[PDB]
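A single chain, nothing else alongside it, follows as structure tokens in the form solved without the named molecule.
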């Protein structure tokens, strides 16, 4: 059961992170929304009630995350779950011969910093917070859930930076799980497919509709609540560890 657990949810002011917060709070857990100051997380935290607070932070910053975790510990006393849902993307080809256009190095770096470096920054700091927990009857001190993408396995044209960052999350899932196994922290990764999030809504509507129609079943965009349901299942299942779960309706992305 997730009742009484404290979850730090990165990127929790919108999209997958917010849906995770709404579900966990609705199921009796406490949530800390870790998102940027401009994200509007304060309004979401107030909407979710007294068991949810907003912690303004940039995941790329060690100091910001440290402040957020201190806020989480101060309000709720401990951290049991970390969900990494903050992420950005760019749509940029590696190189376009016809246009003579090269992918910017800064664009690649910015995506890595938030998606990959930001995830690791949260992981390494929340693990220290989780390490202070007394183990439960099963010896578990915490659960960390990361958000990869199906782009980690079949990245599309223009998704090189995003795929690299998400492939990095997939790559480090097992080693970190092995790192934190002695202290009883499970590390799991969800690789969502096409979900009704702003990351996909920014695409042209016709492109979004076509992509949604290409999901085998159900032929629609993923509902963020469906992501939240899987997150809860991972928290509740003590034997899921070091694994990536594709949540994509069986889609395989073409170029």
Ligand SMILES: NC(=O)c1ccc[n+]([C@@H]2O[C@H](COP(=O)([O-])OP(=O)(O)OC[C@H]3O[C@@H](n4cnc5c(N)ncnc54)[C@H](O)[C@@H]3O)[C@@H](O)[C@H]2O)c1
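Positions refer to the first chain, counted from 1. C-alpha atoms forming the largest set that superposes within 1.5 Å between two forms make up the rigid core.
Just so you know, the form solved in complex with the named molecule exists too; it's not on screen, but the next bit is about it.
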{"property": "Residue stretch of 45 to 53, 212 to 220, 66 to 74, 187 to 195 approaching the named molecule in the entry with it bound, non-hydrogen atom distance within 4.5 Å", "result": "187 to 195"}
{"property": "Interface membership of residue 235, the named molecule in the entry with it bound, 4.5 Å heavy atom rule", "result": "no"}
{"property": "4.5 angstroms heavy atom contact with the named molecule in the entry with it bound for residue 24", "result": "no"}
{"property": "The named molecule contact in the entry with it bound: residue 147, any heavy atom under 4.5 Å", "result": "yes"}
{"property": "Contact label in the entry with it bound: residue 114 to the named molecule, heavy atom within 4.5 Å", "result": "yes"}
{"property": "Partner contacts for 149 to 168, taking the named molecule in the entry with it bound and a 4.5 Å heavy atom cut-off", "result": "149, 162, 166"}
{"property": "Residue among 219, 66, 27, 201 whose Cα moves 2 Å or more between the shown form and the other one, once the rigid core is superposed", "result": "201"}
